[PDB]
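One chain is shown next in structure tokens, namely the form deposited in one PDB entry.
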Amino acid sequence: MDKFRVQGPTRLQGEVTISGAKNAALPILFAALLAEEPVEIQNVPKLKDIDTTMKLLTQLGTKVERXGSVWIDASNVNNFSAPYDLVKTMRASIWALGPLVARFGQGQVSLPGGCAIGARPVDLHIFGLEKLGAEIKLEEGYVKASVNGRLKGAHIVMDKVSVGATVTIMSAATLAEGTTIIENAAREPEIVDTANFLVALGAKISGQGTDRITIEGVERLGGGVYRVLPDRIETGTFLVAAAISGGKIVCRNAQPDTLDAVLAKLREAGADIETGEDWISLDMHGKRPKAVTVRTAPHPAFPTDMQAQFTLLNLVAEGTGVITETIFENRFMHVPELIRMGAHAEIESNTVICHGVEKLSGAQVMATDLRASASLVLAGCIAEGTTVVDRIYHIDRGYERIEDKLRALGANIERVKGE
């Protein structure tokens, strides 16, 4: 059980190169199962889920190799069943189902059990494929799908916004007969990236990024080269790292237009920001940030995945700020940990009232959410003394070696194996 020992306070300044988004690389890697010709997917991060995905694709008959790119040859996929042993640690494995049924007419994926029913993650994927004409078979532990001929385009109205089901329906629809229209489609940049990857292969999709996506099915998809977009949450995390430490940073290989809400909030906190084609710079000019008011909402609004980071920013800012979370009902576990580090905050339902303090104090802390855990590491960078963040494997699964990037910005951080 690795931990990070962080010693502060340190001002974080320098340059950081943003990694590709795991949340775009994953749907793209599964969409590659539709490709009849070789594909090179560039800017893919080296994270556990990518390894799990490559192993799963290999089990299906895909030829896969990687470095910064992942090379895929799905010309000879010949096993349409994703087994429990390879999918048990990754819910994203459901994304193998739609491409297999759309291209080969059959697919099966193992699913984890549970006593709870109703609004389970996989449900909308199942009903989406059923609307496209697939026959679905369910038994506890798995979902099997098949189609007699080709899937058929359909007009689908999503009752609730779902990134996962939008990807499943959009990807499978590329090989359906006719036109598919997805109403109330998820608008996330990762949806746009996946749609653009499919178009690079020969698909016909429009409306990605808006609440209505239209797909005109084609007979087959080819191959090509595609570069995964930058991780917007990693970008925001490093921008906040500079903003809370009186720092100055340049994030390279960034995509500013995926962070409009975040950049606006950082400007309200007092940051001097400039943006280029593929970069963002932030300079606090040695100043403490000013408190801000934040309400999370679906993209393109302020992202819930930046909420913990901005809570930390408010907790060391000048003034009182309120953070309101409207996406998740219990995403404030970072707060008690920051209170133990000296922060002043009150939890009122789905809001946290923050009263900024000048300095935090080191403590032994831990959070299970990836973003909350990364925020504790950042707090450790600016807190007086030593902070030990436990169970950092959560961070390791979503950030490509964060301690090395932070160390290059001036952080005093060490990975400790055990104690």
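Counting begins at 1, following the sequence as shown.
Same protein, other form: the form deposited in another entry, not shown, and the subject of what follows.
Rigid-part membership, decided by the better superposition fit of each C-alpha, differs between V225 and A343 in the motion between the shown form and the other one. Annotation: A119/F302 CA-CA distance shorter in the other entry than in the displayed model, change of at least 3 Å. Shown here is a form in which the CA atoms of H394 and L86 lie at least 3 Å farther apart than they do in the other entry.
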